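Visitor: so I've got this experimental structure, pasted below with the sequence.
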Amino acid sequence: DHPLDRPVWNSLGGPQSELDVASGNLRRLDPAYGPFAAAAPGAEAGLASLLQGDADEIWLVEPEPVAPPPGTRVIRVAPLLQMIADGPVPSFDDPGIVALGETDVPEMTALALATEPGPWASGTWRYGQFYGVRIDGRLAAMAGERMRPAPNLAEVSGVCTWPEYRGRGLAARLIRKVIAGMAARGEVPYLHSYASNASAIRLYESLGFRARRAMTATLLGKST
């Protein structure tokens, strides 16, 4: 099957294998980076073993909903549309977009926790390159890189903008910058949207992404 059919499994067994903290037929992203996990086909019972504290949870990204094995419960199930940008990136020079780094982490963290960038843990900024835009000296918006299911695939993630800076085209410009870097390295961008986000899908289509397939994000917690 395609590397993007199991992006958590494949990234953690592939280019990002140093981020895997589990063993054997379970793969678990270092929690400093994010909440993602995956099981070998047939080995899903072991997912419960990744959930010890009462409030622990794991996100899975698979073609179908993951059934809660014994010791677990489904908290959320989110239909996704997975998209790929495998056509040429038109060049777009945008010097207002700045690379982010360690000194920006407090501000990145505030933005991420306040908006909907997806999961954001203490070390998520280390997952790959992040870019930002600053307005009145504030970090207005950001976007970055995340999973790498194979050497030539790279995920666009962490796209978020403070409400007060929305409607100015920042997200589009940040996505452009991220995919330019991927392009420079000969990598193909991909991303997930919620299937429900009609607006976002149109934005991504306008930035060169096409629908690849439906996927499902499952959030598992401990059974009560």
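Guide: In hand now; what should we look at? Numbers count the residues shown, from 1 in each chain.

Visitor: and residue 179, what does it touch?
Guide: Going by C-beta atoms under 8 Å, 6 or more residues apart in numbering, residue 179 touches 85, 89, 156, 189, 207, 208. Every C-beta, even on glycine, is put in place using the N, C-alpha and C of the backbone.

Visitor: can I assume the fifth one is in contact with residue 83?
Guide: Right, residue 207. No: using C-beta atoms under 8 Å, residue 207 makes no contact with residue 83, being 9.5 Å away.

Visitor: quick one: the strands in this protein?
Guide: Along the chain, counting by DSSP state E, strands occupy 26-28, 37-39, 57-62, 72-84, 98-99, 130-135, 138-145, 153-161, 188-194, 210-222.

Visitor: residues contacting residue 42?
Guide: residue 25.

Visitor: gap between it and residue 69?
Guide: According to C-beta to C-beta, to the nearest Å, residue 42 and residue 69 sit 11 Å apart.

Visitor: could you do residue 8 as well?
Guide: Taken as C-beta to C-beta, the span from residue 8 to residue 69 is 17 Å.

Visitor: which of the two has more residues huddled nearby?
Guide: Shown here are residue 8 and residue 69; by other C-beta atoms under 10 Å, residue 8 has more neighbours (25 against 16).

Visitor: hmm, that one is touching residue 34, no?
Guide: No: here residue 8 does not reach residue 34: they are 9.5 Å apart, not a contact under C-beta under 8 Å.

Visitor: got any residues that touch both of these two?
Guide: Here residue 8 and residue 34 share no contacting residue, scored by C-beta under 8 Å, 6+ apart.

Visitor: quick check, residue 195 in contact with residue 214.
Guide: Yes: Residue 195 is within contact range of residue 214, at 6.7 Å (criterion: C-beta under 8 Å).

Visitor: the two: who's more crowded?
Guide: The neighbour count for residue 195 versus residue 214, taken as other C-beta under 10 Å, is higher for residue 195 (16 against 12).

Visitor: would you check how far apart that one and residue 209 are?
Guide: Counting by C-beta to C-beta, the gap from residue 195 to residue 209 is 14 Å.

Visitor: again with residue 177
Guide: Residue 177 is 15 Å from residue 209, by C-beta to C-beta.

Visitor: now swap in residue 60 and tell me
Guide: Here the criterion is C-beta to C-beta. By it, residue 60 lies 23 Å from residue 209.

Visitor: between residue 177 and residue 209, who's got more neighbours?
Guide: Of the pair residue 177 and residue 209, residue 209 is the one with more neighbours under other C-beta under 10 Å, namely 24 against 21.

Visitor: not counting its neighbours along the chain, what's nearest the more buried one?
Guide: Leaving aside its chain neighbours, residue 209 sits nearest to residue 83 (3.9 Å; criterion: C-beta to C-beta, 6 or more residues apart in numbering).

Visitor: do residue 56 as well
Guide: Residue 56's closest residue in space is residue 222 (C-beta to C-beta, 6+ apart), at 6.3 Å.
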